[PDB]
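Engineer: compute the structure for the input listed below.
(4 chains, ligands or ions: 4)
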Amino acid sequence: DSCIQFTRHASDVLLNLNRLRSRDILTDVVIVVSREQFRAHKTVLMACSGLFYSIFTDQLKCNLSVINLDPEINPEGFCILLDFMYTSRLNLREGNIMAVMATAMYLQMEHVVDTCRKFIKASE
Amino acid sequence: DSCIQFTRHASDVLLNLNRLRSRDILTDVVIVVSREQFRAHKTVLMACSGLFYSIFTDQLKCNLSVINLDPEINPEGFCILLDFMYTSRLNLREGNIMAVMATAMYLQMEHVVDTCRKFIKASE
Amino acid sequence: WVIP
Amino acid sequence: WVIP
Ligand SMILES: O=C1Cc2cc(Nc3nc(Cl)ncc3Br)ccc2N1
Ligand SMILES: O=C1Cc2cc(Nc3nc(Cl)ncc3Br)ccc2N1
Ligand SMILES: [Cl-]
Ligand SMILES: [Cl-]
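Structural biologist: Numbering: from 1, shown residues only, chains lettered A, B, ... in the order given. Ligands and ions are numbered 1, 2, ... in the order given. Structure as follows:
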């Protein structure tokens, strides 16, 4: 086509979606990770995770307001990944890398799994 | 912080939200523009438009499944802007620039209004 | 704005 | 991935 493109548009959209998340505006699901609860937008979760994409396209699960993750999932690892979904920034540290990689594999977040594998390979 | 950032994340999120829109997945509102209807995600509309942000943060309008725009709004101009919201690409043409600018002013989409004003000033 |  |  003959379209023009606004370079910062996608980043500005995500920044605003994160602002809605911070103020709990139009969040439509609670993700339960053991004793912790995380409110989010189903659409953002699907856009970032192969697991959430599969969950919310299911004709029965699409209508659930609460989703319980596998008990092996670490709430801190999930929190780090939820923040990454809404910001593009990943708080990857020596102390959390194993939990973050395990959580990203479960959530099916391929680019996160890739950087974790590379950071782990560098330290061996 | 000491975060790392994935450059393409925001663009990939928006591409996936547009894929959900194309398949009519988890759309939660119909925007009525005269005889035309446009299905969308309230969160994406709020993230792109000062008017939709104001509408869906209202305690009564947040619950509406149908929103009727002012009858002066052109359905083609709205369609072009809805596509821009989900893609960052704006189909700005000599034949549609006036309708697109009028629609972007109504929707409170400041960057679109700015490029329309500049393209109009160049042709005078 | 750019030419994509 | 980059250092932002
Ligand atoms: O690593 C990742 C990230 C991700 C996101 C989605 N999400 C969607 N995929 C498609 Cl094709 N359409 C709409 C949506 Br929402 C699917 C798989 C994966 N795997
Ligand atoms: O030209 C524009 C585009 C735009 C978008 C929003 N959307 C939001 N703004 C804020 Cl501050 N927080 C969350 C959201 Br969603 C507000 C105003 C405007 N004006
Ligand atoms: Cl990812
Ligand atoms: Cl804009």
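
Engineer: mind telling me what element the residue of chain A found nearest chain D is part of?
Structural biologist: As assessed by CB to the nearest CB, chain D sits closest to residue A:115 within chain A, at 5.2 Å. (Each C-beta comes from the backbone N, C-alpha and C, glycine too.) According to DSSP states H and E, residue A:115 maps onto helix A:110-123.

Engineer: just to revisit the earlier point, please name the nearest non-neighbouring residue to the residue of chain A closest to chain D.
Structural biologist: residue D:1 (5.2 Å; CB to CB, 6 or more residues apart in numbering or on different chains).

Engineer: quick one on the thing from earlier: ok, the helix holding residue A:115 near ligand 1 or not?
Structural biologist: Yes. Counting by CB under 6 Å from any ligand atom, ligand 1 has neighbours in helix A:110-123: residue A:110.

Engineer: the residue nearest to residue A:115: what's it in contact with?
Structural biologist: Applying CB atoms under 8 Å, 6 or more residues apart in numbering or on different chains to residue D:1 gives the contacts A:90, A:111, A:115, B:4, B:5, B:6, B:7.

Engineer: what does residue A:55 give?
Structural biologist: Going by CB under 8 Å, 6+ apart, residue A:55 touches A:61, A:62, A:67.

Engineer: which one of those sits in the busiest neighbourhood?
Structural biologist: For the contacts of residue A:55, neighbours were counted using other CB atoms under 10 Å in any protein chain shown, and residue A:67 has the most, 19 neighbours in all.

Engineer: near chain B, which residues of chain A show up?
Structural biologist: Within chain A, the positions near chain B by CB under 8 Å from any CB of the partner chain are A:1-7, A:9-14, A:16-17, A:20, A:25-26, A:41-44, A:46-48, A:53, A:56-57, A:62, A:84-85, A:88-93, A:111-112, A:115.

Engineer: please repeat the previous calculation with a cut-off of 6 Å.
Structural biologist: A:3-6, A:9-11, A:13-14, A:16-17, A:26, A:41-43, A:47, A:88-92, A:111 (CB under 6 Å from any CB of the partner chain).

Engineer: what ranges do the strands span in chain A?
Structural biologist: Assignment of strands within chain A using DSSP state E yields the ranges A:4-5, A:29-33, A:36-40, A:66-68, A:89-90.

Engineer: looking at these, spot the one closest to ligand 2.
Structural biologist: Of all the strands of chain A, strand A:36-40 sits nearest to ligand 2, with 14.8 Å by CB to the nearest ligand atom.

Engineer: any idea how far residue A:91 is from residue A:18?
Structural biologist: Between residue A:18 and residue A:91 the distance is 14 Å, computed by CB to CB, to the nearest Å.
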